[PDB]
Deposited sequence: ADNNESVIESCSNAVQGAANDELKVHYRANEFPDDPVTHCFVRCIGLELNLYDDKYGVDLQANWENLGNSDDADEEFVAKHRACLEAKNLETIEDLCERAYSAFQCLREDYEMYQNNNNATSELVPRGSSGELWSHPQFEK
């Protein structure tokens, strides 16, 4: 939402940038260090993500326009995607969050057009 975008743009060094914010409001998240930290911030703020427990799959399911229990195949597919990314070995917390969210890229794009993965 608007609120979390403005707050994270202030929280993250470099993110209060006109050009990046145009992308962010268009749901476009480039692979750059500032945007890495921005994506982490939004995930933390919306309770979609956690540095330790990873991606909250039920929370994201709901953020994809659903009010019910996540489909089993949605959970399975993303748990597997996230495990394959070996997130625990990614030392940079922003890079780790960005890499995590890449698993859910296709879902968010389709939509636009607790079930922690690491319990």
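- In sequence order, the deposited residues that have no C-alpha coordinates form the ranges 1 to 3, 117 to 131, 138 to 141.
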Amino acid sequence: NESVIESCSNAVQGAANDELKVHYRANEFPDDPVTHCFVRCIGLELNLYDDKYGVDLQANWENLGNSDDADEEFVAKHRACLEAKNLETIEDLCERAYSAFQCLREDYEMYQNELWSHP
From here on, numbers count along this sequence of modelled residues.
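- When the two stretches 34 to 42 and 48 to 56 are set side by side, the higher mean Cα temperature factor goes to 48 to 56.
- Set 9 to 17 against 94 to 102 and average the Cα temperature factors; 9 to 17 ends up higher.
- In this structure the maximum Cα B-factor among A70, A76, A26, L87 is found at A26.
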